[PDB]
$ cat entry_8.cif   # mmCIF, C-alpha atoms and all ligand atoms
data_target
#
loop_
_atom_site.label_atom_id
_atom_site.label_comp_id
_atom_site.auth_asym_id
_atom_site.auth_seq_id
_atom_site.Cartn_x
_atom_site.Cartn_y
_atom_site.Cartn_z
CA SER A 1 127.54 57.60 142.81
CA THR A 2 129.49 60.00 140.58
CA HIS A 3 132.76 58.58 139.30
CA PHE A 4 135.21 61.28 138.23
CA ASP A 5 138.04 61.31 135.67
CA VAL A 6 140.32 63.04 138.15
CA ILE A 7 140.05 63.90 141.83
CA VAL A 8 142.29 66.66 143.18
CA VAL A 9 142.90 66.62 146.95
CA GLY A 10 143.70 70.08 148.26
CA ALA A 11 142.49 72.84 145.95
CA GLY A 12 145.06 75.46 146.86
CA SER A 13 147.82 77.00 144.73
CA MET A 14 148.79 73.82 142.88
CA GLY A 15 145.49 72.04 143.15
CA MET A 16 143.22 74.71 141.76
CA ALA A 17 145.60 75.51 138.85
CA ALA A 18 145.63 71.75 138.10
CA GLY A 19 141.82 71.81 138.24
CA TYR A 20 141.67 74.74 135.82
CA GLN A 21 143.94 72.90 133.38
CA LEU A 22 141.87 69.71 133.61
CA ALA A 23 138.46 71.36 133.34
CA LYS A 24 139.64 73.49 130.39
CA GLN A 25 140.09 70.20 128.49
CA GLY A 26 136.73 68.69 129.44
CA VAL A 27 138.11 66.25 132.02
CA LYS A 28 135.36 65.56 134.60
CA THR A 29 137.01 66.83 137.81
CA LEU A 30 136.22 66.89 141.54
CA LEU A 31 138.27 69.17 143.76
CA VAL A 32 138.11 68.49 147.49
CA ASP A 33 139.44 71.07 149.93
CA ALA A 34 139.55 71.13 153.74
CA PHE A 35 138.36 74.73 153.64
CA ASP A 36 136.90 77.13 151.04
CA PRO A 37 139.68 78.31 148.61
CA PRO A 38 141.08 80.86 148.55
CA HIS A 39 141.36 81.03 152.33
CA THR A 40 143.77 82.00 155.09
CA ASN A 41 144.61 78.60 156.62
CA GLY A 42 147.21 77.44 154.05
CA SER A 43 150.03 79.21 152.23
CA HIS A 44 148.33 81.20 149.48
CA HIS A 45 147.07 84.29 151.38
CA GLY A 46 148.87 87.48 152.37
CA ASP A 47 147.54 88.89 149.08
CA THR A 48 150.79 89.01 147.07
CA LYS A 49 153.66 86.72 145.99
CA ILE A 50 156.91 87.45 144.12
CA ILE A 51 157.51 85.94 140.68
CA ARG A 52 161.19 86.07 139.48
CA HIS A 53 162.95 84.45 136.50
CA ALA A 54 166.72 84.40 137.35
CA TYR A 55 166.38 81.30 139.47
CA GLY A 56 169.79 80.14 140.61
CA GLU A 57 168.34 77.20 142.53
CA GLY A 58 168.40 75.05 139.39
CA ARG A 59 168.35 75.59 135.65
CA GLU A 60 165.12 73.57 135.40
CA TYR A 61 163.37 76.29 137.41
CA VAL A 62 164.01 78.93 134.74
CA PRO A 63 161.87 77.46 131.91
CA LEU A 64 159.20 76.60 134.55
CA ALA A 65 159.26 80.21 135.79
CA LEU A 66 159.23 81.62 132.22
CA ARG A 67 156.32 79.32 131.18
CA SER A 68 154.48 80.10 134.43
CA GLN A 69 154.87 83.81 133.66
CA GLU A 70 153.27 83.41 130.25
CA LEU A 71 150.43 81.45 131.87
CA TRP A 72 149.85 84.28 134.38
CA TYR A 73 149.64 86.76 131.49
CA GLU A 74 147.03 84.52 129.86
CA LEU A 75 145.08 84.23 133.12
CA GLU A 76 145.17 88.02 133.40
CA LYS A 77 143.40 88.26 130.03
CA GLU A 78 140.73 85.70 130.86
CA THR A 79 139.41 86.94 134.20
CA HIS A 80 138.19 90.18 135.77
CA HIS A 81 140.29 89.58 138.91
CA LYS A 82 143.66 91.31 139.00
CA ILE A 83 146.50 88.81 138.48
CA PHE A 84 149.84 90.53 138.03
CA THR A 85 151.65 93.85 138.40
CA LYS A 86 155.07 94.30 136.79
CA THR A 87 156.89 95.91 139.70
CA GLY A 88 160.14 94.27 138.74
CA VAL A 89 162.19 92.38 141.34
CA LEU A 90 165.40 93.51 143.06
CA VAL A 91 168.07 91.26 144.55
CA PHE A 92 170.99 92.54 146.58
CA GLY A 93 173.48 91.42 149.19
CA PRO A 94 177.08 91.84 150.40
CA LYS A 95 179.42 91.81 147.39
CA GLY A 96 181.03 88.40 147.23
CA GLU A 97 179.29 87.20 150.38
CA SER A 98 176.02 85.83 148.98
CA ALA A 99 175.60 82.57 147.10
CA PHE A 100 172.01 83.66 146.56
CA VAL A 101 172.97 86.89 144.79
CA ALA A 102 175.80 85.20 142.91
CA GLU A 103 173.64 82.30 141.81
CA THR A 104 171.00 84.80 140.67
CA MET A 105 173.52 86.68 138.52
CA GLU A 106 174.76 83.43 137.03
CA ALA A 107 171.30 82.20 136.20
CA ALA A 108 170.54 85.50 134.37
CA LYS A 109 173.82 85.30 132.43
CA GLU A 110 173.31 81.64 131.71
CA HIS A 111 169.69 82.02 130.52
CA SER A 112 170.07 85.34 128.73
CA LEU A 113 167.49 87.11 130.88
CA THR A 114 167.19 90.91 130.81
CA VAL A 115 168.56 92.45 134.00
CA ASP A 116 170.33 95.58 135.28
CA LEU A 117 173.42 95.23 137.40
CA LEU A 118 174.37 97.88 139.92
CA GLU A 119 176.06 98.28 143.28
CA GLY A 120 176.74 100.52 146.21
CA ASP A 121 175.17 103.96 146.05
CA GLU A 122 173.72 103.26 142.60
CA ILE A 123 171.15 101.11 144.39
CA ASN A 124 170.40 103.88 146.89
CA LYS A 125 170.28 106.43 144.09
CA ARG A 126 168.06 104.52 141.69
CA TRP A 127 165.51 103.61 144.39
CA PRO A 128 165.13 106.32 146.97
CA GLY A 129 164.10 104.53 150.18
CA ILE A 130 166.72 101.81 149.96
CA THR A 131 169.90 102.32 152.02
CA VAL A 132 172.62 99.72 151.58
CA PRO A 133 176.37 99.75 152.39
CA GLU A 134 178.58 100.73 149.45
CA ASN A 135 179.94 97.18 149.44
CA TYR A 136 176.58 95.76 148.33
CA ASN A 137 175.83 94.68 144.78
CA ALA A 138 172.49 94.02 143.10
CA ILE A 139 170.76 92.47 140.13
CA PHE A 140 167.42 93.92 139.09
CA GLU A 141 164.95 92.06 136.92
CA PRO A 142 162.54 94.63 135.39
CA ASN A 143 160.16 92.23 133.74
CA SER A 144 159.17 90.05 136.68
CA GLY A 145 156.95 91.20 139.52
CA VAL A 146 154.06 90.52 141.87
CA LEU A 147 151.18 88.07 141.68
CA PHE A 148 147.91 88.56 143.59
CA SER A 149 147.68 84.95 144.85
CA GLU A 150 144.16 84.88 146.26
CA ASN A 151 142.90 86.43 143.00
CA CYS A 152 144.83 83.79 141.00
CA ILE A 153 143.20 80.94 142.91
CA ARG A 154 139.75 82.56 142.88
CA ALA A 155 140.07 83.11 139.10
CA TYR A 156 141.22 79.52 138.47
CA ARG A 157 138.37 78.26 140.63
CA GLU A 158 135.73 80.35 138.80
CA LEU A 159 137.06 79.41 135.39
CA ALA A 160 137.17 75.71 136.24
CA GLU A 161 133.69 75.56 137.72
CA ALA A 162 132.28 77.33 134.66
CA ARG A 163 133.68 74.42 132.65
CA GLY A 164 132.13 71.73 134.87
CA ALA A 165 134.60 71.23 137.72
CA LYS A 166 133.06 70.35 141.13
CA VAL A 167 134.50 71.78 144.35
CA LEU A 168 133.74 70.09 147.69
CA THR A 169 134.56 72.53 150.47
CA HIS A 170 135.16 72.11 154.20
CA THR A 171 135.87 68.40 153.64
CA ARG A 172 139.12 66.89 154.99
CA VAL A 173 140.37 63.81 153.15
CA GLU A 174 141.33 61.28 155.87
CA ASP A 175 142.49 58.22 154.00
CA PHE A 176 143.25 56.93 150.50
CA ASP A 177 142.49 53.57 148.83
CA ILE A 178 144.38 53.09 145.57
CA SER A 179 143.82 50.18 143.23
CA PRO A 180 145.59 49.52 139.90
CA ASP A 181 142.74 51.07 137.93
CA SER A 182 140.95 53.60 140.15
CA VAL A 183 141.43 55.81 143.18
CA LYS A 184 139.29 56.42 146.19
CA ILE A 185 139.39 59.08 148.86
CA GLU A 186 137.80 58.86 152.32
CA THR A 187 136.21 61.86 154.04
CA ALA A 188 133.74 62.44 156.86
CA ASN A 189 131.29 63.59 154.19
CA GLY A 190 131.62 60.46 152.07
CA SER A 191 133.91 58.50 149.76
CA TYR A 192 134.67 59.44 146.19
CA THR A 193 136.36 57.62 143.32
CA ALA A 194 137.98 58.55 140.00
CA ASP A 195 140.54 57.15 137.50
CA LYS A 196 143.26 59.55 138.62
CA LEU A 197 144.42 61.26 141.72
CA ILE A 198 146.36 64.47 142.32
CA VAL A 199 147.56 65.10 145.89
CA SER A 200 148.44 68.69 146.75
CA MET A 201 147.52 69.31 150.40
CA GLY A 202 150.34 71.76 151.07
CA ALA A 203 151.41 71.84 154.72
CA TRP A 204 149.16 68.88 155.38
CA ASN A 205 151.16 66.67 153.00
CA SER A 206 153.53 66.33 155.98
CA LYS A 207 150.76 64.42 157.80
CA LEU A 208 148.73 62.59 155.18
CA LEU A 209 151.19 61.24 152.62
CA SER A 210 151.74 58.47 155.17
CA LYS A 211 148.26 57.26 154.10
CA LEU A 212 149.75 56.64 150.63
CA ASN A 213 152.51 54.51 152.07
CA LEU A 214 154.98 57.34 151.53
CA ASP A 215 157.52 58.26 154.18
CA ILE A 216 159.11 61.51 153.08
CA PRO A 217 160.47 64.11 155.48
CA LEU A 218 158.45 67.35 155.12
CA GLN A 219 158.72 70.00 157.86
CA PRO A 220 156.09 72.79 158.09
CA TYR A 221 157.23 76.26 159.21
CA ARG A 222 155.25 79.19 160.61
CA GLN A 223 156.15 82.19 158.42
CA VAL A 224 154.80 85.65 159.06
CA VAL A 225 154.66 88.87 157.04
CA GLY A 226 153.97 92.46 158.05
CA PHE A 227 152.56 95.53 156.33
CA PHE A 228 154.11 98.82 157.51
CA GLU A 229 153.10 102.49 157.17
CA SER A 230 155.60 103.80 154.64
CA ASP A 231 156.73 106.98 152.91
CA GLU A 232 154.44 106.64 149.90
CA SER A 233 156.63 109.00 147.93
CA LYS A 234 159.36 106.35 147.97
CA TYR A 235 157.91 102.86 148.55
CA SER A 236 154.76 103.04 146.39
CA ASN A 237 154.39 100.83 143.35
CA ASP A 238 153.24 104.05 141.67
CA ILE A 239 156.71 105.52 142.05
CA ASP A 240 158.32 102.24 140.92
CA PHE A 241 159.55 100.79 144.18
CA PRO A 242 160.30 97.11 143.40
CA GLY A 243 159.34 93.72 144.76
CA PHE A 244 162.49 92.32 146.36
CA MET A 245 164.38 89.39 147.80
CA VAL A 246 167.68 90.19 149.39
CA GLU A 247 170.39 88.74 151.57
CA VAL A 248 171.70 90.63 154.57
CA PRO A 249 173.97 89.60 157.52
CA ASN A 250 171.28 87.68 159.36
CA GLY A 251 169.50 85.96 156.48
CA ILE A 252 167.15 86.42 153.55
CA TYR A 253 164.26 88.87 153.46
CA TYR A 254 161.60 89.57 150.85
CA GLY A 255 159.07 92.31 150.31
CA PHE A 256 156.65 94.24 148.14
CA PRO A 257 156.15 97.91 147.31
CA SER A 258 153.12 99.61 148.86
CA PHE A 259 150.03 99.03 146.70
CA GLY A 260 147.23 101.58 146.90
CA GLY A 261 148.63 102.86 150.19
CA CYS A 262 148.57 99.42 151.89
CA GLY A 263 152.17 99.86 152.99
CA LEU A 264 155.37 97.98 152.29
CA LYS A 265 155.05 94.26 152.99
CA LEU A 266 158.02 92.33 154.30
CA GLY A 267 158.88 88.78 155.31
CA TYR A 268 161.84 87.03 156.89
CA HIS A 269 162.74 83.95 154.82
CA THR A 270 165.56 82.18 156.62
CA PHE A 271 163.78 81.60 159.90
CA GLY A 272 160.38 80.25 160.93
CA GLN A 273 159.00 78.26 163.89
CA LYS A 274 158.59 74.51 163.30
CA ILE A 275 154.90 73.73 163.76
CA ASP A 276 152.09 71.31 163.04
CA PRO A 277 149.57 72.60 160.48
CA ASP A 278 146.63 71.63 162.75
CA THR A 279 147.94 73.60 165.77
CA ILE A 280 149.92 76.51 164.27
CA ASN A 281 149.06 79.85 165.94
CA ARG A 282 147.83 82.12 163.17
CA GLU A 283 147.83 85.31 165.21
CA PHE A 284 150.55 87.72 164.14
CA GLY A 285 152.66 88.84 167.08
CA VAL A 286 152.10 86.00 169.54
CA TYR A 287 155.90 85.70 169.33
CA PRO A 288 158.24 88.67 169.78
CA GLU A 289 160.28 87.69 166.68
CA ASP A 290 157.25 88.07 164.39
CA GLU A 291 157.63 91.83 164.38
CA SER A 292 161.16 92.45 165.67
CA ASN A 293 162.81 90.56 162.80
CA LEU A 294 161.00 92.72 160.26
CA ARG A 295 161.87 96.04 161.92
CA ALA A 296 165.51 95.03 162.37
CA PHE A 297 165.72 94.97 158.59
CA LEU A 298 163.52 97.97 157.81
CA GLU A 299 165.29 100.43 160.16
CA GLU A 300 168.57 99.47 158.50
CA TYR A 301 167.78 98.96 154.79
CA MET A 302 164.50 100.81 154.10
CA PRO A 303 164.12 103.19 157.07
CA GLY A 304 161.23 105.05 155.44
CA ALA A 305 158.95 102.02 155.61
CA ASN A 306 159.38 101.36 159.30
CA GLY A 307 156.15 103.00 160.35
CA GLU A 308 153.21 101.61 162.24
CA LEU A 309 152.29 97.97 161.61
CA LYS A 310 149.15 98.20 159.45
CA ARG A 311 148.56 94.46 159.15
CA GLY A 312 149.98 91.04 159.91
CA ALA A 313 149.45 87.55 158.51
CA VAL A 314 150.61 84.04 159.35
CA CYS A 315 151.28 81.48 156.67
CA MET A 316 153.26 78.20 156.17
CA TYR A 317 156.33 76.83 154.26
CA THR A 318 156.68 73.04 153.84
CA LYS A 319 160.31 72.06 153.25
CA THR A 320 161.84 68.90 151.87
CA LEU A 321 165.42 68.10 152.91
CA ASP A 322 167.07 69.66 149.81
CA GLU A 323 164.39 72.35 149.65
CA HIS A 324 163.41 71.41 146.11
CA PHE A 325 159.87 70.58 145.10
CA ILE A 326 158.32 67.15 144.75
CA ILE A 327 156.33 66.73 141.51
CA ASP A 328 155.99 63.16 140.30
CA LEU A 329 153.87 60.06 139.96
CA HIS A 330 153.55 57.91 143.08
CA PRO A 331 156.36 55.31 143.05
CA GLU A 332 153.86 52.42 143.39
CA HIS A 333 150.80 53.91 141.67
CA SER A 334 151.00 55.46 138.25
CA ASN A 335 147.44 56.82 138.64
CA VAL A 336 148.44 59.03 141.56
CA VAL A 337 150.30 62.35 141.23
CA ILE A 338 152.13 64.04 144.14
CA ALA A 339 152.86 67.79 144.45
CA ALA A 340 154.49 68.71 147.73
CA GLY A 341 157.22 70.52 149.64
CA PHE A 342 157.36 73.79 147.74
CA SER A 343 159.53 74.97 150.59
CA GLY A 344 158.52 78.63 150.62
CA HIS A 345 159.07 79.44 146.91
CA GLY A 346 156.36 77.65 144.93
CA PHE A 347 153.56 80.13 144.23
CA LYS A 348 155.22 81.81 141.23
CA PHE A 349 155.36 78.35 139.57
CA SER A 350 151.81 77.37 140.41
CA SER A 351 150.37 78.05 136.97
CA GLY A 352 153.10 75.91 135.37
CA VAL A 353 152.82 73.14 137.98
CA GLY A 354 149.10 73.13 137.24
CA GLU A 355 149.98 72.26 133.65
CA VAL A 356 152.61 69.68 134.74
CA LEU A 357 150.12 68.04 137.14
CA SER A 358 147.33 67.79 134.57
CA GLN A 359 149.78 66.30 132.01
CA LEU A 360 151.01 63.71 134.53
CA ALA A 361 147.50 62.68 135.64
CA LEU A 362 146.26 62.42 132.08
CA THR A 363 149.31 60.91 130.32
CA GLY A 364 151.78 59.81 132.97
CA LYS A 365 154.32 62.22 131.50
CA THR A 366 154.82 65.94 131.09
CA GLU A 367 156.60 68.02 128.46
CA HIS A 368 158.39 70.02 131.15
CA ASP A 369 161.75 68.92 132.55
CA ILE A 370 160.95 68.00 136.15
CA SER A 371 163.85 65.65 136.89
CA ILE A 372 165.20 67.54 139.89
CA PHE A 373 161.76 67.11 141.48
CA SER A 374 161.68 63.29 141.39
CA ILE A 375 160.04 61.65 144.35
CA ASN A 376 162.70 58.89 144.25
CA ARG A 377 165.75 61.15 144.58
CA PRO A 378 168.14 60.34 147.49
CA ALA A 379 168.39 63.90 148.82
CA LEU A 380 164.80 63.48 149.98
CA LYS A 381 166.06 60.72 152.29
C1 LIG B 1 153.87 81.34 153.53
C2 LIG B 1 154.59 82.10 152.59
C3 LIG B 1 154.79 81.45 151.41
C4 LIG B 1 155.35 82.13 150.31
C5 LIG B 1 155.67 83.52 150.44
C6 LIG B 1 155.48 84.19 151.70
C7 LIG B 1 154.94 83.49 152.79
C8 LIG B 1 154.73 84.20 154.10
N1 LIG B 1 156.17 84.27 149.40
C9 LIG B 1 156.30 83.61 148.20
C10 LIG B 1 156.75 84.40 147.13
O1 LIG B 1 157.02 85.61 147.21
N2 LIG B 1 156.85 83.71 145.86
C11 LIG B 1 156.57 82.35 145.65
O2 LIG B 1 156.66 81.82 144.55
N3 LIG B 1 156.17 81.65 146.74
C12 LIG B 1 156.05 82.25 147.94
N4 LIG B 1 155.57 81.50 149.03
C13 LIG B 1 155.39 79.99 148.83
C14 LIG B 1 154.06 79.65 148.13
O3 LIG B 1 152.99 80.46 148.72
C15 LIG B 1 153.85 78.15 148.52
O4 LIG B 1 154.90 77.38 148.00
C16 LIG B 1 152.40 77.64 147.82
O5 LIG B 1 151.32 78.37 148.18
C17 LIG B 1 152.36 76.17 148.14
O6 LIG B 1 151.07 75.74 147.50
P1 LIG B 1 150.29 74.41 147.85
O7 LIG B 1 149.22 74.30 146.93
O8 LIG B 1 151.26 73.40 148.21
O9 LIG B 1 149.72 74.82 149.38
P2 LIG B 1 148.26 75.61 149.63
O10 LIG B 1 148.15 76.71 148.71
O11 LIG B 1 148.40 75.78 151.10
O12 LIG B 1 147.17 74.55 149.30
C18 LIG B 1 146.92 73.30 150.01
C19 LIG B 1 145.45 73.07 150.07
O13 LIG B 1 145.13 71.71 150.47
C20 LIG B 1 144.11 71.71 151.43
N5 LIG B 1 144.05 70.61 152.35
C21 LIG B 1 144.91 70.38 153.37
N6 LIG B 1 144.71 69.24 153.96
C22 LIG B 1 143.65 68.69 153.30
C23 LIG B 1 142.93 67.47 153.44
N7 LIG B 1 143.24 66.56 154.38
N8 LIG B 1 141.88 67.21 152.61
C24 LIG B 1 141.56 68.12 151.66
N9 LIG B 1 142.20 69.31 151.46
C25 LIG B 1 143.23 69.52 152.32
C26 LIG B 1 144.07 73.13 152.06
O14 LIG B 1 142.83 73.55 152.62
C27 LIG B 1 144.68 74.00 151.01
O15 LIG B 1 143.61 74.70 150.35
CL CL B 2 155.62 76.07 150.77
#
$ encode --input "entry_8.cif" --output "structure tokens"
Amino acid sequence: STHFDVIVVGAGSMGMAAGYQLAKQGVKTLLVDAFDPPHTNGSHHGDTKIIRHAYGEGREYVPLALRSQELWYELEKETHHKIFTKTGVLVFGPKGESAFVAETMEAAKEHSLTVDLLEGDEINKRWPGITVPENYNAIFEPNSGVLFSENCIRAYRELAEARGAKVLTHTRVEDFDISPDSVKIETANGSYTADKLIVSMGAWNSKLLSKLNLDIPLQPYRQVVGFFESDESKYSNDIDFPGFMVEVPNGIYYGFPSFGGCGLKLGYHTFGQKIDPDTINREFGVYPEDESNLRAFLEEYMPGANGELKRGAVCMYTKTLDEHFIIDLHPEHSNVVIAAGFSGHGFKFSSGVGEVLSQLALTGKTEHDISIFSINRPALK
């Protein structure tokens, strides 16, 4: 019989940040998650996530990234959990053969961000361990880095509960019942109501937004990462090896320096198996590609980090058709906020999105420019 101000469905990356923002302002909040956040069934585990600022995917992403960065620095000062390490982030690819690299360089020029430009052997000289062809060029952002995602979520969750937020774990929301002046969620453990609703179920948005009369294409992808025994004298954060996102002949890869001897972590971005969140196989290696794709890159570009596989993890991307996020009010219900399809690049923005989501649920508007994320745009189809 407890009526909330706001109910958040899915307390993951976006959800929990949104809950922290709401609780911090005294808004009576209930956060309902299918599991017990942070956990390893969604897309926030794997320990680390890259945060970059020269976002060539859209000028609106830059301010969002820059504001999110400031929010991560604030979070770092408020909790005892480790939030961010300034490893810096390196981007490289074939000179003149990478829209990604070129768009990154343009974004940095356009937004006056601080970056170092280098190419060929300069890359290989600056960062021992990296071996690229002399025809490769790179842009290095020294002030961006790595976020410890599980710590971020755990910190947001602890800060929000200390301010009165309620978290209902291991409870799957099955249906929604929206009325012009209140929202209701349906779960096996009971029904709950509030004045506002935030929906951020990650991969599961591809299966439950239909319950909100929304028919938006969202395709979940199985995306693995691998930790490899590496030459600590080259790939250790301690010796300044950077976080990275690069473009090679067969696609985009991303990785992290070895932290405390955990080994270099790498992930293949351009490819992932299409799956259903409820049946995805979360065992690293069940497929031969899981590991072969990562070693194909390592043996060629960072041969010193191609050692024994120390650890594997399986996580999910949820793509929209244009691969841009969806952050907006529900087209038929102004008391419902949607956050979905972060298509593999949304964690860095989660602190900012948390702010956008709390602004939208409380006022129906946000001070951030989120036009390219409209739920009514045509590219969504
Ligand atoms: C998978 C992946 C993603 C990724 C990455 C590497 C890999 C292997 N590297 C990134 C990087 O370097 N930088 C970056 O900015 N992003 C990177 N990503 C993407 C990022 O992790 C994702 O975009 C982000 O985590 C998406 O967050 P979202 O909040 O959408 O998803 P979630 O964290 O999975 O949380 C969803 C929660 O909702 C709950 N749930 C699901 N269904 C229900 C129902 N029915 N009822 C209630 N709760 C539900 C989940 O349990 C989950 O907690
Ligand atoms: Cl995603």
$ residues_near_point --input "entry_8.cif" --point "(148.9, 99.8, 154.8)" --cutoff "10 Å" --atoms "all atoms listed in the file" --output "PyMOL selection string"
chain A and resi 226-230+258-265+307-311
$ closest_atom_pairs --input "entry_8.cif" --of "chain A" --to "ligand LIG 1 (chain B)" --cutoff "6 Å" --atoms "only C-alpha atoms and all ligand atoms" --output "JSON lines"
{"residue": "A:9", "atom": "CA", "partner": "B:LIG1", "partner_atom": "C24", "distance": 5.1}
{"residue": "A:10", "atom": "CA", "partner": "B:LIG1", "partner_atom": "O13", "distance": 3.1}
{"residue": "A:11", "atom": "CA", "partner": "B:LIG1", "partner_atom": "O15", "distance": 4.9}
{"residue": "A:12", "atom": "CA", "partner": "B:LIG1", "partner_atom": "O12", "distance": 3.4}
{"residue": "A:13", "atom": "CA", "partner": "B:LIG1", "partner_atom": "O7", "distance": 3.8}
{"residue": "A:14", "atom": "CA", "partner": "B:LIG1", "partner_atom": "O7", "distance": 4.1}
{"residue": "A:15", "atom": "CA", "partner": "B:LIG1", "partner_atom": "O7", "distance": 5.8}
{"residue": "A:32", "atom": "CA", "partner": "B:LIG1", "partner_atom": "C24", "distance": 5.4}
{"residue": "A:33", "atom": "CA", "partner": "B:LIG1", "partner_atom": "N9", "distance": 3.6}
{"residue": "A:34", "atom": "CA", "partner": "B:LIG1", "partner_atom": "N9", "distance": 3.9}
{"residue": "A:35", "atom": "CA", "partner": "B:LIG1", "partner_atom": "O14", "distance": 4.7}
{"residue": "A:37", "atom": "CA", "partner": "B:LIG1", "partner_atom": "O15", "distance": 5.6}
{"residue": "A:42", "atom": "CA", "partner": "B:LIG1", "partner_atom": "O11", "distance": 3.6}
{"residue": "A:43", "atom": "CA", "partner": "B:LIG1", "partner_atom": "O11", "distance": 4.0}
{"residue": "A:44", "atom": "CA", "partner": "B:LIG1", "partner_atom": "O5", "distance": 4.3}
{"residue": "A:49", "atom": "CA", "partner": "B:LIG1", "partner_atom": "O1", "distance": 3.7}
{"residue": "A:50", "atom": "CA", "partner": "B:LIG1", "partner_atom": "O1", "distance": 3.6}
{"residue": "A:51", "atom": "CA", "partner": "B:LIG1", "partner_atom": "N2", "distance": 5.7}
{"residue": "A:172", "atom": "CA", "partner": "B:LIG1", "partner_atom": "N8", "distance": 3.7}
{"residue": "A:173", "atom": "CA", "partner": "B:LIG1", "partner_atom": "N8", "distance": 3.8}
{"residue": "A:174", "atom": "CA", "partner": "B:LIG1", "partner_atom": "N7", "distance": 5.8}
{"residue": "A:200", "atom": "CA", "partner": "B:LIG1", "partner_atom": "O7", "distance": 5.7}
{"residue": "A:201", "atom": "CA", "partner": "B:LIG1", "partner_atom": "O13", "distance": 3.4}
{"residue": "A:202", "atom": "CA", "partner": "B:LIG1", "partner_atom": "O8", "distance": 3.4}
{"residue": "A:204", "atom": "CA", "partner": "B:LIG1", "partner_atom": "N6", "distance": 4.7}
{"residue": "A:223", "atom": "CA", "partner": "B:LIG1", "partner_atom": "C8", "distance": 5.0}
{"residue": "A:224", "atom": "CA", "partner": "B:LIG1", "partner_atom": "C8", "distance": 5.2}
{"residue": "A:225", "atom": "CA", "partner": "B:LIG1", "partner_atom": "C8", "distance": 5.5}
{"residue": "A:315", "atom": "CA", "partner": "B:LIG1", "partner_atom": "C1", "distance": 4.1}
{"residue": "A:316", "atom": "CA", "partner": "B:LIG1", "partner_atom": "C1", "distance": 4.1}
{"residue": "A:317", "atom": "CA", "partner": "B:LIG1", "partner_atom": "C1", "distance": 5.2}
{"residue": "A:340", "atom": "CA", "partner": "B:LIG1", "partner_atom": "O8", "distance": 5.7}
{"residue": "A:342", "atom": "CA", "partner": "B:LIG1", "partner_atom": "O4", "distance": 4.4}
{"residue": "A:343", "atom": "CA", "partner": "B:LIG1", "partner_atom": "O4", "distance": 5.8}
{"residue": "A:344", "atom": "CA", "partner": "B:LIG1", "partner_atom": "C13", "distance": 3.9}
{"residue": "A:345", "atom": "CA", "partner": "B:LIG1", "partner_atom": "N3", "distance": 3.7}
{"residue": "A:346", "atom": "CA", "partner": "B:LIG1", "partner_atom": "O4", "distance": 3.4}
{"residue": "A:347", "atom": "CA", "partner": "B:LIG1", "partner_atom": "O2", "distance": 3.5}
{"residue": "A:348", "atom": "CA", "partner": "B:LIG1", "partner_atom": "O2", "distance": 3.6}
$ residues_around --input "entry_8.cif" --residues "range 355-360 of chain A" --least-positions-apart "3" --cutoff "8 Å" --atoms "all atoms listed in the file" --output "list in words"
residues 17, 18, 19, 21, 22, 198, 327, 328, 329, 337, 339, 351, 352, 363, 364, 365, 366, 367 and 368 of chain A
$ closest_residue --input "entry_8.cif" --among "A:1, A:16, A:320, A:333" --to "residue 196 in chain A" --atoms "all atoms listed in the file"
A:333
$ axis_aligned_box --input "entry_8.cif" --around "range 48-67 of chain A" --padding-each-side "8 Å" --output "JSON"
{"center_x": 160.3, "center_y": 81.3, "center_z": 139.1, "size_x": 35.0, "size_y": 31.4, "size_z": 31.9}
$ residues_around --input "entry_8.cif" --residues "residue 246 in chain A" --least-positions-apart "4" --cutoff "6 Å" --atoms "only C-alpha atoms" --output "PDB file with C-alpha atoms, in the coordinates of the input"
ATOM      1  CA  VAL A  91     168.070  91.260 144.550  1.00  0.00           C
ATOM      2  CA  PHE A  92     170.990  92.540 146.580  1.00  0.00           C
ATOM      3  CA  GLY A  93     173.480  91.420 149.190  1.00  0.00           C
ATOM      4  CA  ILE A 252     167.150  86.420 153.550  1.00  0.00           C
ATOM      5  CA  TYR A 253     164.260  88.870 153.460  1.00  0.00           C
TER       6      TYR A 253
END
$ atom_distance --input "entry_8.cif" --atom1 "CA of residue 139 in chain A" --atom2 "CA of residue 96 in chain A"
13.1 Å
$ atom_distance --input "entry_8.cif" --atom1 "CA of residue 157 in chain A" --atom2 "CA of residue 208 in chain A"
23.8 Å
$ atom_distance --input "entry_8.cif" --atom1 "CA of residue 55 in chain A" --atom2 "CA of residue 377 in chain A"
20.8 Å
$ residues_around --input "entry_8.cif" --residues "residue 255 in chain A" --least-positions-apart "2" --cutoff "6 Å" --atoms "all atoms listed in the file" --output "NGL selection string"
:A and (243-244 or 265-266)
$ closest_residue --input "entry_8.cif" --among "A:318, A:250, A:131, A:236" --to "ligand CL 2 (chain B)" --atoms "all atoms listed in the file"
A:318
$ residues_near_point --input "entry_8.cif" --point "(142.1, 53.4, 143.2)" --cutoff "12 Å" --atoms "all atoms listed in the file" --output "PyMOL selection string"
chain A and resi 3-7+175-186+191-198+212+332-336
$ closest_residue --input "entry_8.cif" --among "A:28, A:82, A:222, A:126" --to "ligand CL 2 (chain B)" --atoms "all atoms listed in the file"
A:222
$ residues_around --input "entry_8.cif" --residues "range 113-121 of chain A" --least-positions-apart "4" --cutoff "6 Å" --atoms "all atoms listed in the file" --output "VMD selection string"
chain A and resid 108 125 134 to 141
$ residues_around --input "entry_8.cif" --residues "residue 69 in chain A" --least-positions-apart "6" --cutoff "12 Å" --atoms "only C-alpha atoms" --output "number ranges by chain"
A: 50-53, 61-63, 75-76, 83-86, 143-147, 347-353
